[PDB]
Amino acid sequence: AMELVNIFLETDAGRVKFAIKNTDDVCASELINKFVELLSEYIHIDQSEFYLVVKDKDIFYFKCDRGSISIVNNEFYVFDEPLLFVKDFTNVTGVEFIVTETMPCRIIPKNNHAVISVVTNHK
């Protein structure tokens, strides 16, 4: 039900979303650390600086600075670039970050995973 729109997995089968099933019907703000837990498997959270954009009906921006989370307000980028997605795959090969001129990233990957950086400037 809840998914990231600015970070994706690179896999042998294609692009895979970070998605969490909202069982308790909580809010984006209350489940953000679950996304960080998911990314924790592929990058070093305590050494990385990056933003998390969560789509939950509306869009909610967050910054993760070495594990510390903050709410981001004045951002209006539309991560609506038509992308093709899959869900099944065998192995992860990289982590894909959609960056913007106001939302850079600093990533230290795990297990020789690749860091992919793609730019959007729409709104």
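All residue numbers are counted from 1 along the displayed sequence.
- Taking the mean C-alpha B-factor of each stretch as recorded, 33 to 41 and 67 to 75 are not equal, and the higher mean is that of 67 to 75.
- For the two regions 88 to 96 and 42 to 50, the entry's Cα B-factors average higher over 88 to 96.
- Note on the listed residues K21, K17, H113, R106: the highest Cα temperature factor in the record is that of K21.
- In the deposited entry, the Cα temperature factor of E101 places it in the lowest third of its chain's modelled residues.
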